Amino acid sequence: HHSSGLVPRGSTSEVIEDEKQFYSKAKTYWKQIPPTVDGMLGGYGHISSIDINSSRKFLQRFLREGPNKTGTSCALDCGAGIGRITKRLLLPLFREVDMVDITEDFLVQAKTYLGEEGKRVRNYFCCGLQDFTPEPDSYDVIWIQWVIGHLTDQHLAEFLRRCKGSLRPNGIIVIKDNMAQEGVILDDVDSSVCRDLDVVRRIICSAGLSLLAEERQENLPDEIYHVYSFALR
């Protein structure tokens, strides 16, 4: 397996006019956001617990049931920010956690935010996912939440292929993100895209990942995009 995740090019978010600017505008945006839960959730800090509760139920099925249970030794939090998910979802379930995020200021704050259980965070990687290669055979769970909209379609596919090579036996990748009502929608404030369900499933499956589970998040505020979770390997 090519360790770079290379695949042939398929479809494109033609809503992304200039790829270099799509990435540089997002990096600039996050560099000035406050390193707080409110900053991570764009004013939706009030749904953080609801989000984490659903994620926990979703993941526990893979850790607790079946003949080929997913292990609990190590997880990778992709686009981790200050560690909201690492603190409340991953550290309680996995012995060690690695974090990767493009924003230096958030990795620095994460040391404070995570408190004492943060001593179980092994590595704080500062990298864009489009440039990041997780170590082979290292993670039981790779968690990718509210960040796939920051990658081009091609870089998303290649990143997931690199992730596949990083999973331990029985490991899974989880994507949890906003889904557009139709097509692909660019947010020019934070420089990210929202894609519809069919588009996302096609990116995953056409990248050669196997979709294991798919679940819509319930009980969210009426006014926001639907949020879905996918398990893949």
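So that the term is clear: the rigid core is the largest set of C-alpha atoms that superpose within 1.5 Å between two forms. Just count from 1 along the sequence shown to find any residue number.
K.L.:
After a core fit, does 177-185 or 204-212 show the bigger CA gap to the shown form in 8 other deposited structures of this protein?
P.N.:
This comes out as 204-212, the stretch further from the shown form in 8 other deposited structures of this protein.
K.L.:
Can you let me know which of the two, 67-75 or 100-108, has the higher average C-alpha B-factor in the entry?
P.N.:
Mean B over CA atoms: larger for 67-75.
K.L.:
Mean C-alpha B-factor higher for 86-94, or for 131-139?
P.N.:
The entry gives the higher C-alpha B-factor average to 131-139.
K.L.:
Select one of 186, 40, 172, 179: the residue whose C-alpha shows the highest B-factor in the crystal structure entry.
P.N.:
Result of the comparison over 186, 40, 172, 179: 186.
K.L.:
Test of reading the entry: by CA B factor among the chain's modelled residues, which third contains residue 215?
P.N.:
According to the entry, residue 215 has a C-alpha B-factor in the chain's lowest third.
K.L.:
Could you say whether, by C-alpha temperature factor, residue 206 belongs to the lowest, middle or highest third of its chain?
P.N.:
Tercile = highest for this residue's CA B-factor.
K.L.:
Test of reading the entry: by CA B factor among the chain's modelled residues, which third contains residue 30?
P.N.:
As the PDB entry reports it, the C-alpha B-factor of residue 30 lands in the lowest third of its chain.
K.L.:
What third of its chain, lowest, middle or highest, does the C-alpha temperature factor of residue 158 fall into?
P.N.:
Ranked within chain, residue 158 CA B lands in the middle tercile.
K.L.:
Lowest, middle or highest third: where is residue 60 by Cα B-factor in its chain?
P.N.:
For residue 60, the deposited C-alpha B-factor lands in the highest third.
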